[PDB]
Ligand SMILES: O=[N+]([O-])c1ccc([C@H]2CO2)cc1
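A single chain comes next, written as structure tokens; it is the form deposited without the named molecule.
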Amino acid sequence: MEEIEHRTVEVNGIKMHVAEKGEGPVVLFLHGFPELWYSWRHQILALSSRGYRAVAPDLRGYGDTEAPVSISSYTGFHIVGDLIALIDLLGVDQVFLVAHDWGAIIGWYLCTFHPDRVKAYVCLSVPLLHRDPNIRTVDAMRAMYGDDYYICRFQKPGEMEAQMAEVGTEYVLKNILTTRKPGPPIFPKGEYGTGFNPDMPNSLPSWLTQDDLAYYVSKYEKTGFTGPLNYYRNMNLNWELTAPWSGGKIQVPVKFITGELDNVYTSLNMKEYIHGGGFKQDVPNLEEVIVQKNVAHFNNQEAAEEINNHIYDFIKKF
């Protein structure tokens, strides 16, 4: 970790923190919510040691990267704009892409707008989110799960931030990271409360050290949750703006990997989309989907070595 290089670069008008290690084909890692570049620590070390150039930024709004004040500065187009600028700075025509959670949503947008810049994509947790022309993204979630569904509760500016403040940053991060409950996360009414996990363990699970959690806390306690939350606040706007790509397929080779207990997999009719034929129809060069038994949402950390090996085996093919 000591030999991971950290720098700040100017991309698309913002200052972005980039963590990098190794030489070789670029493997660009995109973290999720509420994470950081650091979520890829094990993959950065493994892929760099195995002859690749591992690159893992803090995305716009996160960690040591600039957080614009306007909520509207966090559409998928803004984030992809940052990443295209980053790839140009890296000096390469194409990358191998690896992404998780919100990072995976952004990765799907990258593959939609610029498939030629992506040789192959290892996608964790969140598959392609089919644009339903009949109903907006968050409107559909609201109809399915109601107003206490977490994504709905994340919409109103400032509200979730205050609820998180009441219980504290360390509690929020431990609450989220340790969750193993399947199904749609429904919050208690009017407060954070038990949030994502009504059965928090006393000890951190063995994949997350006290120092790991402390590092996440050290960033979030200062810069807060607003930047990361703002991605969710643009889901309906993203839906509007992506009308030009309605009914579109992605031809980038994809390997999709999820923990079996991930709340994403176990909600939103995702399991049916993933295995039922819809995912493959939209993504014709999708390879065998991997479901990791007894693994939760944070599969790049909880099953880090398996993820290292799946990434390595897949990108070698190309």
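Counting begins at 1, following the sequence as shown.
Keep in mind that the form deposited with the named molecule bound is missing from the display, and what follows is about it.
Check: Considering 292, 263, 48, 39, which brings a non-hydrogen atom within 4.5 Å of the named molecule in the deposited bound form?
Finding: Spelling it out, the residue with a heavy atom inside the cut-off is 263.
Next item on the list: Could you tell me which one of 75, 112, 179, 242 places a heavy atom within 4.5 Å of the named molecule in the deposited bound form?
Entry: Of 75, 112, 179, 242, the residue with a heavy atom within 4.5 Å of the named molecule in the deposited bound form is 179.
Check: Hey, in the deposited bound form, does residue 33 get a heavy atom within 4.5 angstroms of the named molecule?
Finding: Output for residue 33 is yes: heavy atoms within 4.5 Å of the named molecule.
Notebook entry, point to check: Heavy atoms within 4.5 Å of the named molecule in the deposited bound form: does residue 232 have any?
Noted result: It does: once the named molecule is placed as it appears in the deposited bound form, residue 232 has a heavy atom within 4.5 Å of it.
Item checked: Contact test in the deposited bound form: residue 101 vs the named molecule, heavy atoms, 4.5 Å -> Contact check for residue 101: yes, within 4.5 Å of the named molecule in the deposited bound form.
Notebook entry, point to check: Contact between residue 145 and the named molecule in the deposited bound form at 4.5 Å, heavy atoms?
Noted result: No - in the deposited bound form, heavy atoms of residue 145 and the named molecule never come within 4.5 Å of each other.
Checklist line | Candidate stretches 292 to 300, 305 to 313, 21 to 29, 6 to 14, one within 4.5 Å of the named molecule in the deposited bound form by heavy atom | finding: The contacting stretch is 292 to 300.
Notebook entry, point to check: Going by the named molecule in the deposited bound form, which residues of 188 to 204 come within 4.5 Å of it through any heavy atom?
Noted result: Contacts from 188 to 204: just 196.
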